[PDB]
file start30.cif (mmCIF, C-alpha atoms and all ligand atoms)
data_query
loop_
_atom_site.label_atom_id
_atom_site.label_comp_id
_atom_site.auth_asym_id
_atom_site.auth_seq_id
_atom_site.Cartn_x
_atom_site.Cartn_y
_atom_site.Cartn_z
CA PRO P 1 100.14 105.68 121.44
CA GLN P 2 103.34 104.38 119.84
CA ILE P 3 104.26 100.67 119.60
CA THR P 4 107.73 99.15 119.41
CA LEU P 5 108.09 95.76 117.76
CA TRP P 6 110.15 93.75 120.27
CA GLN P 7 107.05 91.66 121.02
CA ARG P 8 104.13 91.04 118.66
CA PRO P 9 101.94 94.18 118.23
CA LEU P 10 98.90 92.54 119.83
CA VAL P 11 96.29 95.27 120.36
CA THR P 12 92.75 94.79 121.71
CA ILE P 13 89.61 95.41 119.63
CA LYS P 14 85.81 95.44 119.80
CA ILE P 15 83.57 94.01 117.05
CA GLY P 16 79.94 92.94 117.56
CA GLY P 17 80.17 94.44 121.05
CA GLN P 18 82.71 91.66 121.72
CA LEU P 19 86.25 91.91 123.09
CA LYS P 20 88.84 90.36 120.81
CA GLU P 21 92.62 90.58 120.49
CA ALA P 22 94.35 91.30 117.16
CA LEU P 23 97.64 91.77 115.39
CA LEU P 24 98.58 95.14 113.91
CA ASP P 25 99.86 93.86 110.59
CA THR P 26 101.26 96.27 107.95
CA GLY P 27 101.88 93.46 105.47
CA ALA P 28 98.18 92.66 105.30
CA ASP P 29 96.19 94.21 102.47
CA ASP P 30 92.98 93.06 104.08
CA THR P 31 91.72 92.59 107.61
CA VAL P 32 91.20 88.94 108.38
CA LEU P 33 89.24 87.88 111.46
CA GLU P 34 88.78 84.47 113.09
CA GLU P 35 85.72 82.27 112.89
CA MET P 36 82.85 84.33 114.27
CA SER P 37 79.47 85.40 112.97
CA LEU P 38 78.45 88.78 111.58
CA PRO P 39 75.27 90.64 110.44
CA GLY P 40 74.80 91.88 106.85
CA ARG P 41 75.52 89.79 103.77
CA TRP P 42 78.74 88.43 102.20
CA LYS P 43 80.73 87.11 99.18
CA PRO P 44 83.14 84.18 99.56
CA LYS P 45 86.74 84.75 98.38
CA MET P 46 90.28 83.35 98.49
CA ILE P 47 93.08 85.25 100.25
CA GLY P 48 96.77 84.92 99.33
CA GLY P 49 99.17 84.40 102.21
CA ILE P 50 102.67 82.93 102.61
CA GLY P 51 102.05 79.29 101.57
CA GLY P 52 98.65 78.39 100.16
CA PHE P 53 95.25 80.07 100.42
CA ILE P 54 92.10 80.15 102.65
CA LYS P 55 88.34 80.86 102.14
CA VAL P 56 87.35 84.12 103.71
CA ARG P 57 83.79 85.31 104.16
CA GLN P 58 83.75 89.01 103.11
CA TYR P 59 81.72 91.44 105.20
CA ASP P 60 81.59 95.01 103.89
CA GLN P 61 80.84 98.06 106.11
CA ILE P 62 81.65 96.49 109.51
CA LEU P 63 82.01 98.86 112.41
CA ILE P 64 85.15 97.94 114.36
CA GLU P 65 87.01 99.63 117.25
CA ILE P 66 90.79 99.21 117.14
CA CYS P 67 92.35 100.25 120.39
CA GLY P 68 90.04 103.21 121.16
CA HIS P 69 89.56 104.43 117.61
CA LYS P 70 86.42 103.81 115.53
CA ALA P 71 86.79 102.64 111.90
CA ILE P 72 84.44 101.29 109.28
CA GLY P 73 85.53 98.83 106.62
CA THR P 74 85.58 95.53 104.80
CA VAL P 75 86.27 92.58 107.09
CA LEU P 76 87.32 89.06 106.11
CA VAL P 77 86.23 86.10 108.23
CA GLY P 78 87.76 82.63 107.91
CA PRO P 79 90.06 79.87 109.23
CA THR P 80 92.93 82.20 110.32
CA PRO P 81 95.13 81.38 113.39
CA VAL P 82 94.97 85.02 114.63
CA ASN P 83 92.87 88.15 114.14
CA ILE P 84 94.76 90.27 111.68
CA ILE P 85 94.24 94.01 111.21
CA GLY P 86 95.41 95.03 107.74
CA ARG P 87 96.22 98.28 105.91
CA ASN P 88 92.60 98.80 104.90
CA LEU P 89 91.65 99.60 108.55
CA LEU P 90 95.12 100.69 109.74
CA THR P 91 94.86 103.74 107.47
CA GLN P 92 91.44 104.62 108.85
CA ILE P 93 92.92 105.10 112.31
CA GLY P 94 96.00 107.02 111.08
CA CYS P 95 98.51 104.23 111.71
CA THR P 96 101.90 104.83 110.13
CA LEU P 97 105.42 103.37 110.01
CA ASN P 98 108.05 105.56 111.62
CA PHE P 99 111.80 105.04 111.80
CA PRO X 1 110.83 108.60 107.20
CA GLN X 2 107.10 108.44 107.96
CA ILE X 3 105.25 105.77 105.95
CA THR X 4 101.45 106.05 105.89
CA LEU X 5 99.66 102.91 104.71
CA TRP X 6 97.39 103.72 101.73
CA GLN X 7 99.79 101.42 99.82
CA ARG X 8 101.99 98.42 100.55
CA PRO X 9 105.03 99.63 102.56
CA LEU X 10 107.42 98.45 99.87
CA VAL X 11 110.89 99.78 100.50
CA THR X 12 114.43 99.20 99.12
CA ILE X 13 117.04 96.83 100.68
CA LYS X 14 120.55 95.46 100.17
CA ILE X 15 121.57 91.84 100.76
CA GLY X 16 124.60 89.99 99.37
CA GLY X 17 125.43 93.01 97.17
CA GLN X 18 121.95 93.10 95.64
CA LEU X 19 119.16 95.63 95.59
CA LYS X 20 115.67 94.22 96.03
CA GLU X 21 112.30 95.65 96.93
CA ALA X 22 110.77 94.33 100.16
CA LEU X 23 107.64 94.73 102.27
CA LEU X 24 107.87 96.25 105.74
CA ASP X 25 105.73 93.65 107.61
CA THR X 26 104.91 94.22 111.28
CA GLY X 27 102.87 91.02 111.47
CA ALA X 28 105.90 88.91 110.59
CA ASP X 29 108.18 87.50 113.33
CA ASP X 30 111.01 86.87 110.94
CA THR X 31 112.36 88.09 107.66
CA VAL X 32 111.79 85.84 104.71
CA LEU X 33 113.09 86.48 101.20
CA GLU X 34 112.67 84.91 97.77
CA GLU X 35 115.04 82.31 96.36
CA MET X 36 118.57 83.75 96.37
CA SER X 37 122.04 82.60 97.40
CA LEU X 38 123.89 83.74 100.51
CA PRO X 39 127.18 83.01 102.35
CA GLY X 40 127.68 80.49 105.11
CA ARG X 41 125.60 77.67 106.51
CA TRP X 42 121.84 77.20 106.98
CA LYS X 43 119.36 75.08 108.87
CA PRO X 44 116.06 73.86 107.44
CA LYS X 45 112.96 75.48 108.94
CA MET X 46 109.17 75.77 108.33
CA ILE X 47 107.06 78.90 108.43
CA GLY X 48 103.42 79.13 109.52
CA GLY X 49 101.74 81.49 107.10
CA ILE X 50 98.03 81.98 106.43
CA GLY X 51 97.30 79.00 104.21
CA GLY X 52 100.00 76.55 105.28
CA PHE X 53 103.73 76.05 105.77
CA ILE X 54 106.64 76.37 103.32
CA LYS X 55 110.18 74.91 103.60
CA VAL X 56 112.82 77.62 104.21
CA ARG X 57 116.61 77.88 104.63
CA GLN X 58 117.77 79.67 107.80
CA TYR X 59 120.82 81.99 107.65
CA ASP X 60 122.42 83.87 110.61
CA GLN X 61 124.62 87.02 111.02
CA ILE X 62 123.38 88.29 107.63
CA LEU X 63 123.78 91.99 106.87
CA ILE X 64 120.84 93.98 105.46
CA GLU X 65 120.75 97.67 104.75
CA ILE X 66 117.03 98.51 104.92
CA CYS X 67 116.04 101.90 103.62
CA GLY X 68 119.53 103.31 104.33
CA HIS X 69 119.63 101.65 107.79
CA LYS X 70 122.22 98.97 108.59
CA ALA X 71 121.16 95.85 110.48
CA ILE X 72 122.19 92.25 111.13
CA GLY X 73 120.23 89.09 111.85
CA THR X 74 118.47 85.86 110.93
CA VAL X 75 117.13 85.85 107.36
CA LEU X 76 114.96 83.08 105.83
CA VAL X 77 115.17 82.03 102.16
CA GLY X 78 112.32 80.26 100.39
CA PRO X 79 109.30 80.24 98.05
CA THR X 80 107.60 83.46 99.11
CA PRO X 81 105.63 85.82 96.85
CA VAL X 82 107.69 88.80 98.23
CA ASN X 83 110.67 89.66 100.36
CA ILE X 84 109.13 90.18 103.74
CA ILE X 85 111.06 92.21 106.30
CA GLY X 86 109.94 91.14 109.78
CA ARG X 87 110.20 92.39 113.33
CA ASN X 88 113.50 90.52 113.96
CA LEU X 89 114.99 93.24 111.73
CA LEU X 90 112.51 96.13 111.99
CA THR X 91 113.34 96.67 115.69
CA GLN X 92 116.96 97.13 114.57
CA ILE X 93 116.35 100.08 112.23
CA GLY X 94 114.38 101.65 115.12
CA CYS X 95 110.99 101.02 113.55
CA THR X 96 107.78 101.74 115.42
CA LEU X 97 104.02 101.74 114.79
CA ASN X 98 102.31 105.03 115.43
CA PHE X 99 98.84 106.50 115.84
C1 LIG P 101 98.74 90.66 99.28
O1 LIG P 101 98.81 89.53 100.14
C2 LIG P 101 98.39 89.84 101.40
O2 LIG P 101 98.14 90.97 101.80
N1 LIG P 101 98.29 88.71 102.18
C3 LIG P 101 98.39 88.90 103.61
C4 LIG P 101 99.62 88.11 104.01
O3 LIG P 101 99.67 86.90 103.96
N2 LIG P 101 100.64 88.97 104.43
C5 LIG P 101 102.01 88.59 104.64
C6 LIG P 101 102.63 87.79 103.50
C7 LIG P 101 102.38 88.25 102.09
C8 LIG P 101 102.35 89.58 101.75
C9 LIG P 101 102.12 89.95 100.45
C10 LIG P 101 101.92 89.03 99.44
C11 LIG P 101 101.73 89.48 98.05
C12 LIG P 101 101.85 90.82 97.72
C13 LIG P 101 101.69 91.20 96.41
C14 LIG P 101 101.40 90.24 95.46
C15 LIG P 101 101.29 88.93 95.86
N3 LIG P 101 101.45 88.53 97.12
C16 LIG P 101 101.95 87.70 99.79
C17 LIG P 101 102.17 87.32 101.10
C18 LIG P 101 102.20 87.76 105.89
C19 LIG P 101 101.38 88.14 107.12
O4 LIG P 101 101.93 89.33 107.70
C20 LIG P 101 101.32 86.97 108.12
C21 LIG P 101 100.23 87.19 109.14
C22 LIG P 101 100.15 86.13 110.20
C23 LIG P 101 100.67 86.38 111.45
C24 LIG P 101 100.61 85.42 112.44
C25 LIG P 101 100.03 84.21 112.20
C26 LIG P 101 99.50 83.96 110.95
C27 LIG P 101 99.56 84.92 109.95
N4 LIG P 101 102.56 86.66 108.81
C28 LIG P 101 103.16 85.43 108.64
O5 LIG P 101 102.70 84.50 107.99
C29 LIG P 101 104.48 85.34 109.36
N5 LIG P 101 104.19 84.54 110.54
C30 LIG P 101 103.54 83.33 110.56
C31 LIG P 101 103.43 82.93 111.83
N6 LIG P 101 104.00 83.90 112.60
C32 LIG P 101 104.07 83.82 114.04
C33 LIG P 101 102.75 83.84 114.77
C34 LIG P 101 102.23 85.02 115.26
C35 LIG P 101 101.02 85.00 115.93
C36 LIG P 101 100.37 83.80 116.08
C37 LIG P 101 100.96 82.66 115.56
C38 LIG P 101 100.31 81.32 115.69
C39 LIG P 101 98.97 81.37 116.40
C40 LIG P 101 100.18 80.71 114.32
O6 LIG P 101 101.14 80.48 116.47
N7 LIG P 101 102.13 82.66 114.92
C41 LIG P 101 104.49 84.93 111.83
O7 LIG P 101 105.06 85.95 112.18
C42 LIG P 101 105.58 84.87 108.40
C43 LIG P 101 105.46 85.64 107.10
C44 LIG P 101 106.93 85.13 109.01
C45 LIG P 101 105.56 83.39 108.09
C46 LIG P 101 97.10 88.56 104.35
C47 LIG P 101 96.47 87.28 103.90
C48 LIG P 101 97.35 88.45 105.84
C49 LIG P 101 96.10 89.66 104.09
#

call {"tool": "encode", "arguments": {"input": "start30.cif", "output": "structure tokens"}}
result
Amino acid sequence: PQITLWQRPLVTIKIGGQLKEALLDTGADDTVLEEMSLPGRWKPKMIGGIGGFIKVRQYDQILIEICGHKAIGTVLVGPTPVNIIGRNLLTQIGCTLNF
Amino acid sequence: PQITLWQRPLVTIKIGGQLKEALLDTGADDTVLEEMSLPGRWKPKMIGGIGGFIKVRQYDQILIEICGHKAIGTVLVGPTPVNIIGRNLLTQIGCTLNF
């Protein structure tokens, strides 16, 4: 698969055996997911962002499926307006900028 | 070039006869750059962000050479931690997300 950028790169994902939609965001260090609940334990933390900050719940070692490809990694859960897939998981699935 | 993502896709650009580093950000609709001066007229605008909106100046028909590639379009100036290069301009340099 190869994705142009004329629309928003909205890809579908599966976490917790649930179907979600997410943004393929290369300017995100971390993966930040909407309000949802997850197994395992977690540290609170502030994430940066354009103007101001938000509290993310940090879940390590989450199994996530981005678009057909399995990846394991840290996942941040908080008051975000969209599910954001950052570099940390984008690498895992061999995603790469190409012009 | 092919940019894998183990590190921030920070690249080099040229605007108003300046060289600046900027992030290649596929989860950004527009291009927003740090406080600088540019030709012509601007509208006020707000931008969403993760943790709230910031006031920006909107400029049109602005020329950016991104990574050796020439492009034109709407650029936003304001209080951002980094020059973000968005889709509005990435499409132009033929940029595509690959895996
Ligand atoms: C290191 O900091 C870091 O990794 N922070 C990240 C971050 O904020 N990344 C950069 C920014 C960044 C990067 C690096 C640093 C940095 C780097 C080094 C040192 C210090 N700072 C700081 C900020 C911006 C990011 O790509 C966001 C993601 C996003 C996308 C959509 C909605 C909310 C958030 N993009 C934007 O904020 C851009 N933006 C905002 C709204 N939109 C349109 C849109 C799309 C989809 C849905 C909607 C809704 C539902 C809201 O209607 N709107 C859009 O495109 C914008 C930038 C143009 C405003 C994450 C928090 C995402 C991880």

call {"tool": "atom_distance", "arguments": {"input": "start30.cif", "atom1": "CA of residue 66 (chain X)", "atom2": "CA of residue 52 (chain X)"}}
result
27.8 Å

call {"tool": "residues_around", "arguments": {"input": "start30.cif", "residues": "residue 92 (chain X)", "least_positions_apart": "2", "cutoff": "9 Å", "atoms": "all atoms listed in the file", "output": "PDB file with C-alpha atoms, in the coordinates of the input"}}
result
ATOM      1  CA  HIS X  69     119.630 101.650 107.790  1.00  0.00           C
ATOM      2  CA  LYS X  70     122.220  98.970 108.590  1.00  0.00           C
ATOM      3  CA  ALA X  71     121.160  95.850 110.480  1.00  0.00           C
ATOM      4  CA  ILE X  72     122.190  92.250 111.130  1.00  0.00           C
ATOM      5  CA  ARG X  87     110.200  92.390 113.330  1.00  0.00           C
ATOM      6  CA  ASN X  88     113.500  90.520 113.960  1.00  0.00           C
ATOM      7  CA  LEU X  89     114.990  93.240 111.730  1.00  0.00           C
ATOM      8  CA  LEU X  90     112.510  96.130 111.990  1.00  0.00           C
ATOM      9  CA  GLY X  94     114.380 101.650 115.120  1.00  0.00           C
ATOM     10  CA  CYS X  95     110.990 101.020 113.550  1.00  0.00           C
TER      11      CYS X  95
END

call {"tool": "closest_atom_pairs", "arguments": {"input": "start30.cif", "of": "chain X", "to": "ligand LIG 101 (chain P)", "cutoff": "7 Å", "atoms": "all atoms listed in the file", "output": "Markdown table"}}
result
| residue | atom | partner | partner_atom | distance |
| --- | --- | --- | --- | --- |
| X:25 | CA | P:LIG101 | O4 | 5.8 |
| X:26 | CA | P:LIG101 | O4 | 6.8 |
| X:27 | CA | P:LIG101 | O4 | 4.2 |
| X:28 | CA | P:LIG101 | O7 | 3.5 |
| X:29 | CA | P:LIG101 | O7 | 3.7 |
| X:30 | CA | P:LIG101 | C44 | 4.8 |
| X:31 | CA | P:LIG101 | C44 | 6.3 |
| X:32 | CA | P:LIG101 | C44 | 6.5 |
| X:47 | CA | P:LIG101 | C45 | 4.7 |
| X:48 | CA | P:LIG101 | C30 | 4.3 |
| X:49 | CA | P:LIG101 | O5 | 3.3 |
| X:50 | CA | P:LIG101 | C27 | 4.8 |
| X:80 | CA | P:LIG101 | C17 | 7.0 |
| X:81 | CA | P:LIG101 | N3 | 5.0 |
| X:82 | CA | P:LIG101 | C10 | 5.9 |
| X:84 | CA | P:LIG101 | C43 | 6.7 |
| X:86 | CA | P:LIG101 | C44 | 6.8 |

call {"tool": "write_last_selection", "arguments": {"input": "start30.cif", "atoms": "C-alpha atoms", "output": "tab-separated table (two decimals), in the frame of the given file"}}
result
chain	number	residue	atom	x	y	z
X	25	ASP	CA	105.73	93.65	107.61
X	26	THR	CA	104.91	94.22	111.28
X	27	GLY	CA	102.87	91.02	111.47
X	28	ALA	CA	105.90	88.91	110.59
X	29	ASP	CA	108.18	87.50	113.33
X	30	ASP	CA	111.01	86.87	110.94
X	31	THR	CA	112.36	88.09	107.66
X	32	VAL	CA	111.79	85.84	104.71
X	47	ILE	CA	107.06	78.90	108.43
X	48	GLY	CA	103.42	79.13	109.52
X	49	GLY	CA	101.74	81.49	107.10
X	50	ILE	CA	98.03	81.98	106.43
X	80	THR	CA	107.60	83.46	99.11
X	81	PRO	CA	105.63	85.82	96.85
X	82	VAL	CA	107.69	88.80	98.23
X	84	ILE	CA	109.13	90.18	103.74
X	86	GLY	CA	109.94	91.14	109.78

call {"tool": "calpha_fit_and_write", "arguments": {"input": "start30.cif", "fixed": "chain X", "moving": "chain P", "output": "mmCIF file with C-alpha atoms, in the frame of the given file"}}
result
data_model
loop_
_atom_site.group_PDB
_atom_site.id
_atom_site.type_symbol
_atom_site.label_atom_id
_atom_site.label_comp_id
_atom_site.auth_asym_id
_atom_site.auth_seq_id
_atom_site.Cartn_x
_atom_site.Cartn_y
_atom_site.Cartn_z
ATOM 1 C CA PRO P 1 111.169 108.818 107.267
ATOM 2 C CA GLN P 2 107.526 108.054 108.061
ATOM 3 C CA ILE P 3 105.310 105.755 105.946
ATOM 4 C CA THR P 4 101.536 105.862 105.586
ATOM 5 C CA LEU P 5 99.755 102.654 104.649
ATOM 6 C CA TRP P 6 97.483 103.694 101.761
ATOM 7 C CA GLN P 7 99.698 101.680 99.398
ATOM 8 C CA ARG P 8 101.839 98.676 100.335
ATOM 9 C CA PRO P 9 104.927 99.702 102.396
ATOM 10 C CA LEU P 10 107.367 98.565 99.704
ATOM 11 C CA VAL P 11 110.830 99.795 100.724
ATOM 12 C CA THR P 12 114.113 99.088 98.905
ATOM 13 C CA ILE P 13 116.942 97.015 100.413
ATOM 14 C CA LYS P 14 120.483 95.783 99.768
ATOM 15 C CA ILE P 15 121.651 92.229 100.561
ATOM 16 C CA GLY P 16 124.687 90.548 98.969
ATOM 17 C CA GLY P 17 125.502 93.911 97.386
ATOM 18 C CA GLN P 18 122.253 93.408 95.431
ATOM 19 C CA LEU P 19 119.269 95.740 95.077
ATOM 20 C CA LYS P 20 116.003 94.145 96.126
ATOM 21 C CA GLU P 21 112.550 95.438 97.043
ATOM 22 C CA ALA P 22 110.746 94.362 100.235
ATOM 23 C CA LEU P 23 107.631 94.698 102.325
ATOM 24 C CA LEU P 24 107.768 96.313 105.760
ATOM 25 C CA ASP P 25 105.662 93.749 107.574
ATOM 26 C CA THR P 26 104.867 94.131 111.310
ATOM 27 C CA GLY P 27 102.938 90.860 111.407
ATOM 28 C CA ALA P 28 106.041 88.889 110.487
ATOM 29 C CA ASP P 29 108.038 87.358 113.322
ATOM 30 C CA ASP P 30 110.812 86.493 110.919
ATOM 31 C CA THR P 31 112.299 88.035 107.808
ATOM 32 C CA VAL P 32 111.576 85.920 104.777
ATOM 33 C CA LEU P 33 113.434 86.524 101.516
ATOM 34 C CA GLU P 34 112.862 85.152 98.011
ATOM 35 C CA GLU P 35 114.867 82.458 96.289
ATOM 36 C CA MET P 36 118.448 83.703 96.202
ATOM 37 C CA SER P 37 121.769 82.354 97.390
ATOM 38 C CA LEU P 38 123.730 83.332 100.487
ATOM 39 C CA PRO P 39 127.173 82.686 102.100
ATOM 40 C CA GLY P 40 127.550 80.997 105.513
ATOM 41 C CA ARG P 41 125.703 77.849 106.540
ATOM 42 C CA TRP P 42 122.024 77.071 107.275
ATOM 43 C CA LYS P 43 119.291 74.931 108.941
ATOM 44 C CA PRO P 44 116.068 74.091 107.085
ATOM 45 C CA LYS P 45 112.786 74.991 108.845
ATOM 46 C CA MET P 46 109.032 75.400 108.350
ATOM 47 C CA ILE P 47 107.377 78.820 108.679
ATOM 48 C CA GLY P 48 103.725 79.323 109.670
ATOM 49 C CA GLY P 49 101.727 81.719 107.528
ATOM 50 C CA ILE P 50 98.026 82.257 106.766
ATOM 51 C CA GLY P 51 97.144 78.929 105.073
ATOM 52 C CA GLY P 52 99.761 76.188 105.052
ATOM 53 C CA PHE P 53 103.538 76.258 105.475
ATOM 54 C CA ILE P 54 106.785 76.639 103.423
ATOM 55 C CA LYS P 55 110.438 75.431 103.734
ATOM 56 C CA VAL P 56 112.742 78.274 104.556
ATOM 57 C CA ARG P 57 116.518 78.085 104.494
ATOM 58 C CA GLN P 58 117.737 79.849 107.687
ATOM 59 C CA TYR P 59 120.776 82.107 107.433
ATOM 60 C CA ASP P 60 121.995 83.583 110.721
ATOM 61 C CA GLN P 61 124.093 86.798 110.957
ATOM 62 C CA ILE P 62 123.258 88.264 107.517
ATOM 63 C CA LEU P 63 124.183 91.869 106.960
ATOM 64 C CA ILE P 64 121.228 93.656 105.353
ATOM 65 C CA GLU P 65 120.524 97.339 104.571
ATOM 66 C CA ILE P 66 116.870 98.343 104.914
ATOM 67 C CA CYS P 67 116.259 101.720 103.398
ATOM 68 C CA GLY P 68 119.562 103.367 104.432
ATOM 69 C CA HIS P 69 119.946 101.687 107.801
ATOM 70 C CA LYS P 70 122.329 98.788 108.498
ATOM 71 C CA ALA P 71 121.060 95.768 110.486
ATOM 72 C CA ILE P 72 122.376 92.313 111.219
ATOM 73 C CA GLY P 73 120.114 89.326 111.745
ATOM 74 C CA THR P 74 118.628 85.955 110.949
ATOM 75 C CA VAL P 75 117.252 85.734 107.416
ATOM 76 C CA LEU P 76 114.881 83.124 105.994
ATOM 77 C CA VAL P 77 115.120 82.147 102.329
ATOM 78 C CA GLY P 78 112.417 80.174 100.517
ATOM 79 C CA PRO P 79 109.488 80.023 98.058
ATOM 80 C CA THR P 80 107.829 83.317 99.176
ATOM 81 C CA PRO P 81 105.934 85.567 96.668
ATOM 82 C CA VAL P 82 107.563 88.745 98.102
ATOM 83 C CA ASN P 83 110.557 89.758 100.214
ATOM 84 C CA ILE P 84 109.231 90.240 103.696
ATOM 85 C CA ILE P 85 110.988 92.238 106.415
ATOM 86 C CA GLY P 86 109.790 91.069 109.828
ATOM 87 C CA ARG P 87 109.954 92.329 113.427
ATOM 88 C CA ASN P 88 113.339 90.717 114.005
ATOM 89 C CA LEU P 89 115.014 93.296 111.679
ATOM 90 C CA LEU P 90 112.371 96.044 111.998
ATOM 91 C CA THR P 91 113.389 96.500 115.642
ATOM 92 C CA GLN P 92 117.054 96.762 114.706
ATOM 93 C CA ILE P 93 116.345 99.874 112.656
ATOM 94 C CA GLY P 94 114.021 101.454 115.261
ATOM 95 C CA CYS P 95 110.790 100.907 113.325
ATOM 96 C CA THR P 96 107.657 101.490 115.372
ATOM 97 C CA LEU P 97 103.868 101.701 115.006
ATOM 98 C CA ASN P 98 102.453 105.156 115.612
ATOM 99 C CA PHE P 99 98.832 106.272 115.670
#

call {"tool": "residues_near_point", "arguments": {"input": "start30.cif", "point": "(102.7, 100.8, 116.2)", "cutoff": "9 Å", "atoms": "only C-alpha atoms", "output": "PyMOL selection string"}}
result
(chain P and resi 1-5+9+24+95-98) or (chain X and resi 26+95-99)

call {"tool": "residues_around", "arguments": {"input": "start30.cif", "residues": "region 35-39 of chain X", "least_positions_apart": "2", "cutoff": "7 Å", "atoms": "all atoms listed in the file", "output": "ChimeraX atom specification"}}
result
/X:16,33,41,77-79

call {"tool": "atom_distance", "arguments": {"input": "start30.cif", "atom1": "CA of residue 73 (chain X)", "atom2": "CA of residue 14 (chain X)"}}
result
13.3 Å

call {"tool": "closest_residue", "arguments": {"input": "start30.cif", "among": "P:93, P:44, P:59, P:15", "to": "chain X", "atoms": "all atoms listed in the file"}}
result
P:93

call {"tool": "residues_near_point", "arguments": {"input": "start30.cif", "point": "(85.8, 85.9, 101.9)", "cutoff": "7 Å", "atoms": "all atoms listed in the file", "output": "ChimeraX atom specification"}}
result
/P:43-46,55-58,76-77

call {"tool": "closest_residue", "arguments": {"input": "start30.cif", "among": "P:62, P:74, P:54, P:68", "to": "residue 11 (chain P)", "atoms": "only C-alpha atoms"}}
result
P:68

call {"tool": "closest_residue", "arguments": {"input": "start30.cif", "among": "X:85, X:20, X:75, X:6", "to": "chain P", "atoms": "only C-alpha atoms"}}
result
X:6

call {"tool": "atom_distance", "arguments": {"input": "start30.cif", "atom1": "CA of residue 60 (chain X)", "atom2": "CA of residue 10 (chain X)"}}
result
23.5 Å

call {"tool": "closest_residue", "arguments": {"input": "start30.cif", "among": "X:63, X:91, X:42, X:83", "to": "chain P", "atoms": "only C-alpha atoms"}}
result
X:91

call {"tool": "closest_residue", "arguments": {"input": "start30.cif", "among": "P:40, P:34, P:64, P:18", "to": "chain X", "atoms": "all atoms listed in the file"}}
result
P:34

call {"tool": "decode", "arguments": {"input": "start30.cif", "residues": "region 57-91 of chain P", "atoms": "C-alpha atoms", "output": "PDB file, in the first residue's frame"}}
result
ATOM      1  CA  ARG P  57      -2.656   7.736  30.229  1.00  0.00           C
ATOM      2  CA  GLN P  58       0.433   5.717  29.144  1.00  0.00           C
ATOM      3  CA  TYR P  59      -0.041   2.048  28.315  1.00  0.00           C
ATOM      4  CA  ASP P  60       3.153   0.144  27.491  1.00  0.00           C
ATOM      5  CA  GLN P  61       3.215  -3.091  25.412  1.00  0.00           C
ATOM      6  CA  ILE P  62      -0.187  -2.720  23.690  1.00  0.00           C
ATOM      7  CA  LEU P  63      -0.840  -4.985  20.760  1.00  0.00           C
ATOM      8  CA  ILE P  64      -2.300  -2.923  17.914  1.00  0.00           C
ATOM      9  CA  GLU P  65      -3.086  -3.717  14.253  1.00  0.00           C
ATOM     10  CA  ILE P  66      -2.541  -0.818  11.857  1.00  0.00           C
ATOM     11  CA  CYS P  67      -4.070  -1.538   8.505  1.00  0.00           C
ATOM     12  CA  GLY P  68      -3.255  -5.278   8.350  1.00  0.00           C
ATOM     13  CA  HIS P  69       0.103  -5.152  10.080  1.00  0.00           C
ATOM     14  CA  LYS P  70       0.705  -6.192  13.697  1.00  0.00           C
ATOM     15  CA  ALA P  71       2.801  -3.934  15.971  1.00  0.00           C
ATOM     16  CA  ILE P  72       3.505  -3.773  19.679  1.00  0.00           C
ATOM     17  CA  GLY P  73       4.205  -0.531  21.499  1.00  0.00           C
ATOM     18  CA  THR P  74       3.541   2.236  23.967  1.00  0.00           C
ATOM     19  CA  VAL P  75       0.109   3.792  23.564  1.00  0.00           C
ATOM     20  CA  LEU P  76      -1.134   7.104  24.979  1.00  0.00           C
ATOM     21  CA  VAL P  77      -4.792   7.501  25.927  1.00  0.00           C
ATOM     22  CA  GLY P  78      -6.415  10.870  26.617  1.00  0.00           C
ATOM     23  CA  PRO P  79      -8.697  13.755  25.533  1.00  0.00           C
ATOM     24  CA  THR P  80      -7.527  13.858  21.863  1.00  0.00           C
ATOM     25  CA  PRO P  81      -9.944  14.826  19.014  1.00  0.00           C
ATOM     26  CA  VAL P  82      -8.661  11.975  16.782  1.00  0.00           C
ATOM     27  CA  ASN P  83      -6.740   8.700  17.091  1.00  0.00           C
ATOM     28  CA  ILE P  84      -3.193   9.505  16.154  1.00  0.00           C
ATOM     29  CA  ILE P  85      -0.608   6.935  15.074  1.00  0.00           C
ATOM     30  CA  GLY P  86       2.885   8.294  15.696  1.00  0.00           C
ATOM     31  CA  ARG P  87       6.447   7.422  14.647  1.00  0.00           C
ATOM     32  CA  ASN P  88       6.848   4.950  17.497  1.00  0.00           C
ATOM     33  CA  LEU P  89       4.388   2.519  15.799  1.00  0.00           C
ATOM     34  CA  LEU P  90       4.826   3.796  12.218  1.00  0.00           C
ATOM     35  CA  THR P  91       8.402   2.461  12.255  1.00  0.00           C
TER      36      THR P  91
END
